[PDB]
Amino acid sequence: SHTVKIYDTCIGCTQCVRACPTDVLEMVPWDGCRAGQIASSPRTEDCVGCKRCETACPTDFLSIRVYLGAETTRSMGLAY
Amino acid sequence: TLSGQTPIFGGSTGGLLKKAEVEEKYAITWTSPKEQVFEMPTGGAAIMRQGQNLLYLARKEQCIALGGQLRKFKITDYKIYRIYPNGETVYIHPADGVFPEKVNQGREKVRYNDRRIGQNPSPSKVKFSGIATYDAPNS
Amino acid sequence: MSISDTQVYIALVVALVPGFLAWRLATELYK
Amino acid sequence: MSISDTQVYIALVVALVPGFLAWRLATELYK
Amino acid sequence: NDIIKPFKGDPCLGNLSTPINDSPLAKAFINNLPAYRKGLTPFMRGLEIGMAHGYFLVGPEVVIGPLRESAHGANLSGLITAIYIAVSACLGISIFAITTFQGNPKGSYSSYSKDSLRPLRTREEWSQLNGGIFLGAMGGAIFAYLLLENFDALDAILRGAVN
Amino acid sequence: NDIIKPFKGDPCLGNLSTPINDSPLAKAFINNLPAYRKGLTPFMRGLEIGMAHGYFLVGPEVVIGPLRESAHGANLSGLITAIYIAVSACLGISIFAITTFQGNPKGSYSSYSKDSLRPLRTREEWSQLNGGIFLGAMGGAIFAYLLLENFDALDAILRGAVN
Amino acid sequence: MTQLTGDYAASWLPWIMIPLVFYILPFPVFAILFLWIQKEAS
Amino acid sequence: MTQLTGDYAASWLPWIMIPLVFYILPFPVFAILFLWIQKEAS
Ligand code: CLA
Ligand code: CLA
Ligand code: CLA
Ligand code: CLA
Ligand code: CLA
Ligand SMILES: CC1=C(/C=C/C(C)=C/C=C/C(C)=C/C=C/C=C(C)/C=C/C=C(C)/C=C/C2=C(C)CCCC2(C)C)C(C)(C)CCC1
Ligand SMILES: CC1=C(/C=C/C(C)=C/C=C/C(C)=C/C=C/C=C(C)/C=C/C=C(C)/C=C/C2=C(C)CCCC2(C)C)C(C)(C)CCC1
Ligand SMILES: CC1=C(/C=C/C(C)=C/C=C/C(C)=C/C=C\C=C(C)\C=C\C=C(C)\C=C\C2=C(C)CCCC2(C)C)C(C)(C)CCC1
Ligand SMILES: CC1=C(/C=C/C(C)=C/C=C/C(C)=C/C=C\C=C(C)\C=C\C=C(C)\C=C\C2=C(C)CCCC2(C)C)C(C)(C)CCC1
Ligand SMILES: CC1=C(/C=C/C(C)=C/C=CC(/C)=C/C=C\C=C(C)\C=C/C=C(C)/C=C/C2=C(C)CCCC2(C)C)C(C)(C)CCC1
Ligand code: SF4
Ligand code: SF4
């Protein structure tokens, strides 16, 4: 149960969604970009916290923040 | 529901543990045109079948690790399910039937802040309040 | 002249007073 | 000169080899 | 063909069917240990487990303990070690039973757990186990204490010295 | 306001909610005594009750009994007192269980009794209790007997006299 | 000397309380303190 | 002599194995060998 907030500085480069190993992010239509897209995080209980989405965001001081919060059984990735 | 023939695999040690049938469990289901061999996300190698393939994995990251491997075999028809122990099977990937890199209609901006990240409020503003600085209904 | 045999036991029951007053306060701070 | 103290124990663990090879064969003949 | 199969035929399970866990001899030995023997009340599971352990636990303290130098005092130091190890062990499984069985045990003791390596999943079954483990490990400790403090009297009767 | 309430909010009940019976500490202590601990088989209720009593019952006879003058004989007189008190006590609760559980127990053991201060209302529950009380009060008596007849050997090892 | 003794008054009192607070009471204490950190909020 | 002894090496070994194979192990063995001759074919 992390918190992946997306800010208005996205450019719809789509790179944050590809890096996510757990499919937390996905693109929705938007208008504040030439791409007309913005990241959204509908599945954040699945967020593992790897911040691999933040490494891919190219906007300077990146538009997507993982906010490591209450860690549960699927946000810590336990197979046992 | 879910069905398919399991790949040729001699069984591993990295597979399902007691969390599989107690909390919940995942299943990736894909169709292959060829009888080739893929790397198991739980260590090892398995031979994927000719028709409908079914594989049980402990956590969702393994399924999308394997799903990202299937795209290197030019297979993009895989579906990831989530099996609760009581038995019902949810469809979770791809959630709308199209892959999340693609943009649909009807999807909603969820956890979107309509401000730059730079003007999140200071922690003193939300002092002794339920919210954090990053939800922050201002702007 | 060290303290007598009884003076040790007197301290034992006297120190039982802050022993329970600690329970007073630890539970009142809602453990 | 009788056999040493250790030579008895060496025979004990050596004879454990046909002790298990008898289990090999008795169960393989489907007891 | 291959002797190492997937564990009960499911390749996705995190185990292997190996000569150590899935052999006709190895299954016959483990599944008839008192922890797993079919047909035992949990008291008889713990009673037989307890006595096997109280018996051998007095050993390592009566010959390499601090009291080993004398004879009558060595046996006391070995018995009480088995008393203390077992009492603290049976304290462990009373508080294990309290803290795991609280409505829906998170793990291998859930109602839908289907686990064979630990079949005591009830808290009616873990309480007779505690009594068996305790009374067993106490009687085993005493029996190994009585046989050791009477060793000179017992060495004579297994040597024919008593005619 | 007032700290003394009607007993569980019913003014007509013949009791009071008082700091001695209805306190967070006092309820936590009494309701976790082995007589009342949630999650115990009746055997483990009696086993833990028994050992607490067999242990201390050997005391009042080995130092102010008739045999206190000597050493080896004092411990026998204290052990057998705990043997006799417990055997007659466990005789008492076998015949208590026979004579109260006879179809509709007149009193606090009726089916519609809803009494918390005595939860053993079955005669399947009072028979494991008898076994626990007996085997407990016997083991406690022996353990306090073994620790007392070996007191000189035990006084040395808690004083470092055994190096 | 070859024993633990006490010239101080009530010298019998370390004899029993050093075993008590150090290896007789803690395992009951660690059990009580264990039952408190692992109780359901139901 | 008035005792069973052994001049041979490891003379302690008959001391324990004559009781073992003759009156300590057989009743476990006759119990295991009993459970095998009286098992249901289900
Ligand atoms: C640090 C390690 C350590 C040390 C120092 C010891 C030290 C000792 N052990 Mg021990 N032991 C150990 C580890 C250790 N053990 C481990 C890891 C196990 C496996 C669980 C055992 C299992 C074991 C057994 C079974 C016995 C010992 C015994 C002894 C004592 C030997 C007494 C003797 O020589 O004459 C005396 C020898 C006898 C009196 C033998 C008489 C025959 C007995 C009654 C038969 C045993 C019961 C029988 C098998 C019941 C069947 C049950 C089932 C197995 C079929 C000695 C103090 C013996 C003992 O406790 O003395 C009372 C003994 O019987 N040990
Ligand atoms: C007429 C009244 C009377 C008399 C004459 C006695 C006389 C005696 N009592 Mg007793 N007692 C009484 C009433 C009486 N008691 C009452 C009303 C209670 C409350 C139930 C007790 C509880 C009690 C306990 C717990 C003990 C005694 C012990 C003794 C003996 C002292 C032995 C000694 O000095 O050195 C020897 C001292 C020791 C060997 C202490 C060693 C440490 C022990 C093993 C720790 C005790 C177990 C531990 C607390 C387990 C935890 C369980 C749980 C409480 C957490 C002595 C004969 C001791 C005894 O029985 O000796 C074996 C002893 O431990 N008494
Ligand atoms: C030969 C028969 C026999 C024997 C050896 C025993 C033995 C025993 N009984 Mg038992 N009992 C018996 C018959 C017997 N009983 C009968 C017929 C009844 C129904 C009334 C009972 C009801 C009973 C209860 C309710 C309890 C026992 C209990 C016990 C045990 C503890 C001792 C005791 O409390 O005395 C009690 C004995 C009685 C209340 C009745 C005894 C009457 C029989 C006929 C004995 C007569 C003996 C004879 C007069 C003297 C010969 C021996 C003497 C010379 C040494 C003990 C091993 C206790 C137990 O459960 O242990 C854990 C206990 O709670 N018994
Ligand atoms: C905090 C101060 C303090 C400290 C560090 C100690 C330390 C010690 N005492 Mg103690 N003691 C104290 C206060 C203290 N005492 C007071 C005020 C009394 C009068 C009743 C005693 C009476 C006493 C006796 C009779 C004995 C000791 C003994 C000992 C020694 C062994 C440990 C033990 O069994 O004690 C047992 C503890 C008590 C008897 C009660 C003391 C607890 C005090 C009152 C409060 C401590 C709680 C602390 C403030 C909270 C911190 C907890 C946590 C946050 C860390 C040890 C050096 C033993 C000894 O002599 O060694 C050879 C011995 O048998 N003391
Ligand atoms: C079949 C040959 C044979 C025979 C008839 C005996 C006979 C005897 N031996 Mg043994 N022994 C043997 C082989 C044999 N031995 C071998 C090869 C070793 C080397 C490990 C030993 C080591 C040994 C020791 C240390 C001791 C004996 C002792 C004894 C005597 C008491 C019984 C006993 O406890 O033995 C115990 C049995 C063993 C230690 C294992 C021997 C089993 C052999 C290896 C195979 C026998 C199985 C047989 C072939 C199958 C037939 C079963 C059925 C069909 C009838 C007894 C006279 C005791 C003694 O000295 O008496 C005073 C003693 O303590 N023996
Ligand atoms: C795995 C295996 C093995 C091992 C085994 C072991 C590990 C061992 C052991 C063992 C043991 C370890 C045994 C034991 C025992 C015991 C006993 C036998 C007991 C007892 C007891 C008793 C009898 C008691 C009684 C009593 C009581 C109860 C109370 C009162 C008191 C008295 C004392 C009376 C081998 C390799 C060899 C082979 C096979 C398999
Ligand atoms: C109320 C209260 C109190 C009190 C308490 C008391 C009253 C006490 C006590 C106590 C006691 C009183 C304790 C005890 C104990 C015990 C034990 C710990 C036991 C044991 C045992 C054993 C271990 C046994 C064993 C055996 C058997 C079983 C059989 C065989 C033989 C033998 C021996 C081995 C006070 C105020 C303080 C505080 C808190 C609360
Ligand atoms: C069945 C079986 C068994 C079992 C075992 C078991 C199952 C167990 C357990 C147990 C347990 C379950 C345990 C334990 C424990 C606990 C502990 C060890 C604790 C503690 C503590 C502490 C350390 C604490 C700390 C703290 C806290 C957290 C609070 C605050 C403060 C302080 C820091 C103090 C036996 C071997 C007997 C027998 C045979 C088989
Ligand atoms: C749980 C409990 C308990 C319990 C207790 C009880 C519950 C009891 C009881 C009991 C009982 C329940 C009893 C008793 C008794 C009886 C008697 C004591 C009797 C008698 C007798 C007589 C005296 C008689 C008389 C007569 C008659 C009536 C007939 C005619 C003739 C003549 C006159 C002889 C105990 C502490 C252990 C442990 C812990 C807790
Ligand atoms: C009665 C009697 C007696 C006895 C006595 C005794 C045996 C005792 C005891 C006991 C003791 C020896 C005690 C004590 C104590 C304790 C204390 C004093 C404590 C503490 C602590 C504290 C201070 C706390 C703290 C805290 C708080 C504040 C809150 C929360 C956290 C904590 C927990 C940290 C005699 C015979 C003498 C006399 C007569 C009768
Ligand atoms: S959050 Fe970053 S990676 Fe994702 S669309 Fe916006 S700018 Fe691109
Ligand atoms: S932290 Fe990892 S799982 Fe979570 S949104 Fe970022 S990339 Fe995806």
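Taken together, the values in this text are just the output of simple stated rules run on the coordinates, not laboratory data. Every residue, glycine as well, gets a Cβ built from its backbone with ideal geometry; the counts of neighbours run over all protein chains shown.
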Is segment E:141-148 home to any residue that is within 7 Å of another protein chain (Cβ to nearest Cβ) and surrounded by 16 or more Cβ atoms within 10 Å (Cβ to Cβ)? no
Does E:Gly92 meet the test of being without any contact (Cβ under 8 Å) to a residue 12 or more places away in the chain, under 18 Å from the mean Cα position of the chain (by Cα) and part of a helix (DSSP H, G or I)? yes
Listed by first then second residue, the pairs whose first member lies in segment C:1-30 and is over 17 Å from F:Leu25 (Cβ atoms), whose partner is in a helix (DSSP H, G or I) and of a type outside the set (S, T, N, Q), with beta carbons under 7 Å and at least 6 positions apart or on separate chains, are C:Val8/G:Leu13
Collect the residues in segment A:31-57 that are more than 10 Å from ligand 12 (Cβ to nearest atom) and either at the interface with chain B (Cβ under 7 Å from one of its Cβ atoms) or assigned to a strand (DSSP E or B) (or both), keeping them in residue-number order. A:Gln37, A:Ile38, A:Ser40, A:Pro42
Can you tell me which of (1) under 18 Å from the mean Cα position of the chain (by Cα); (2) within 13 Å of ligand 9 (Cβ to nearest atom); (3) under 14 Å from F:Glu125 (Cα atoms); (4) among the hydrophobic types (A, V, I, L, M, F, W, C) is the one F:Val87 doesn't meet? (3)
Would you be able to say whether some residue in segment E:71-94 is within 9 Å of another protein chain (Cβ to nearest Cβ), surrounded by fewer than 18 Cβ atoms within 10 Å (Cβ to Cβ) and touching a helix residue (DSSP H, G or I) at 6+ places or on another chain (Cβ under 6 Å)? yes
May I ask you to verify whether H:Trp15 is within 9 Å of another protein chain (Cβ to nearest Cβ) and exposed (fewer than 10 other Cβ atoms within 10 Å of the Cβ)? no
For segment E:107-126, which positions are away from ligand 8 (no atom under 14 Å from the Cβ) and within 13 Å of chain G (Cβ to nearest Cβ)? none
Condition check for A:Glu54: crowded, with 21+ Cβ neighbours inside 10 Å, more than 16 Å from ligand 7 (Cβ to nearest atom) and either within 9 Å of the chain's Cα centre (by Cα) or farther than 22 Å from B:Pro137 by Cβ (or both): no
Collect the residues in chain D that are within 10 Å of another protein chain (Cβ to nearest Cβ) and not in a helix (DSSP H, G or I), keeping them in residue-number order. D:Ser2, D:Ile3, D:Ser4, D:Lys31
Have a look at F:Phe101, F:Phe134 and point out the one that is buried (at least 19 other Cβ atoms within 10 Å of the Cβ) and either within 16 Å of ligand 3 (Cβ to nearest atom) or more than 14 Å from every other protein chain (Cβ to nearest Cβ) (or both). F:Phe134
Suppose we keep only residues that are touching a helix residue (DSSP H, G or I) at 6+ places or on another chain (Cβ under 9 Å) and hydrophobic (A, V, I, L, M, F, W, C) within segment C:4-31. Which one would you say is farthest from ligand 7 (Cβ to nearest atom)? C:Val8
Restricting to segment E:3-43, count the residues that are surrounded by 12 or more Cβ atoms within 10 Å (Cβ to Cβ) and within 16 Å of B:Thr6 (Cα to Cα). 8
For segment G:7-20, pairs from a residue that is within 17 Å of F:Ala156 (Cα to Cα) to a residue that is within 13 Å of ligand 10 (Cβ to nearest atom), with Cβ under 7 Å and 6 or more apart or across chains, are G:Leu13/C:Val8
State whether the residues of segment F:79-86 include one that is more than 27 Å from E:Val87 (Cα to Cα) and of a type in the set (A, V, I, L, M). no
Determine whether F:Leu154 is within 16 Å of ligand 6 (Cβ to nearest atom), over 20 Å from the mean Cα position of the chain (by Cα) and within 13 Å of chain E (Cβ to nearest Cβ). no
Result of the Cβ filter at 8 Å on segment B:13-41, keeping first residues that are more than 20 Å from E:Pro6 (Cα to Cα) and partners that are of a type in the set (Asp, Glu) and surrounded by 17 or more Cβ atoms within 10 Å (Cβ to Cβ), at least 6 apart or interchain, is none
Strands (runs of 3 or more DSSP E) fully within segment B:29-130 counting 1 or more residues that are surrounded by fewer than 14 Cβ atoms within 10 Å (Cβ to Cβ) and within 13 Å of another protein chain (Cβ to nearest Cβ): B:45-47, B:89-93
Helices (runs of 4 or more DSSP H) wholly inside segment F:23-74 containing at least 1 residues that are within 14 Å of F:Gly136 (Cα to Cα): F:42-57
Failed item, numbered, when A:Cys16 is tested on (1) more than 9 Å from chain B (Cβ to nearest Cβ); (2) buried (at least 18 other Cβ atoms within 10 Å of the Cβ); (3) part of a loop (DSSP other than H, G, I, E, B): (3)
I need the full set of residues from segment F:41-78 which are in contact (Cβ under 8 Å) with a residue 12 or more places away in the chain, within 13 Å of ligand 2 (Cβ to nearest atom) and of a type in the set (D, E, K, R), in order please. F:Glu48, F:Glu61
Do you know which residues across segment B:10-28 are hydrophobic (A, V, I, L, M, F, W, C) and either buried (at least 21 other Cβ atoms within 10 Å of the Cβ) or at the interface with another protein chain (Cβ under 7 Å from one of its Cβ atoms) (or both)? B:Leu16, B:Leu17, B:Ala20, B:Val22, B:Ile28
What number of residues within segment F:116-163 are assigned to a helix (DSSP H, G or I) and within 19 Å of F:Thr100 (Cα to Cα)? 8
Look through E:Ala144, E:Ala82, E:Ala137, E:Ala74 and report the one residue that is in contact with a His (Cβ under 7 Å, 6 or more places away or on another chain) and on the phi < 0 side of the Ramachandran plot. E:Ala137
